[PDB]
């Protein structure tokens, strides 16, 4: 048997942890034990950028990651990180599972990966330790951690946020020590990382959709037999099913869960106010990634 490694930045008991555990189980079953996959949680093999870099270098075979750091490797994916592009999870999933998403997986080939499938981190929401956020003006002047994503950083600077990019494993301590006022993430991540302990304010801004991607080292993938290549592809699809189911459960439980953990949660956000604030920066995104490409995603089924 060949034993490979896969890593994530969140816990085993999270949407991403159930994803990689399912993937690992399915690889072993479908390859008849020829391959086994050791799982690493909570940044044990580094944050997402470090893990993807390792996969590209070949020091590690696999990673499951949000798209946060992905444009640094594959710039064609940026269009997915545009705020308020996707209406809801059903829209995003349909887009990513259909030809638009499937074509984007192919762009990873030239950068030394096989991208096995798309998965899901979820819609991201603002938290902070200073004040309730009801409109964009409330974001102005907040120091917020961001991922290492240029679309997110430009967008949030558009809200007047003072941005600080950081790898995920450093975020709890930064919030704890007040190095930043806040951050933004899906409810799955806020709950699994226990950010309720260090943030008292949450607003369901849902300001961007955060995909996850399964990446494998291209050379490692290419040396698999044809049948085993298919086993890895199918194991990733099963991992995605588990992943998405967990996101749906976490989004359903999340507001109540966090209220019980002491957060003040603002659950009825008027997103149009935030769209209006972003209009100038959004115009630039549309010009960079192409209005035709944006509208194709918007109008997809």
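Residue numbers count along the first chain shown, from 1.
Taking the PDB entry as given, 129 to 137 carries the higher mean Cα B factor of the two stretches 129 to 137 and 205 to 213. The mean Cα B-factor in the deposited entry runs higher for 264 to 272 than for the other of 264 to 272 and 46 to 54. When the C-alpha B-factors of 33, 68, 239, 254 are ranked from the entry, the top spot goes to 33. When the C-alpha B-factors of 171, 74, 198, 85 are ranked from the entry, the top spot goes to 74. Annotation for residue 15: C-alpha temperature factor in the lowest third relative to the rest of the modelled chain, per the entry. Among all modelled residues in this chain, the alpha-carbon of residue 159 has a temperature factor (C-alpha) in the highest third. Residue 146 sits in the middle third of its chain by CA B factor, as recorded in the PDB entry.
Among all modelled residues in this chain, the alpha-carbon of residue 179 has a temperature factor (C-alpha) in the highest third. Among all modelled residues in its chain, residue 186 ranks in the lowest third by Cα B-factor.
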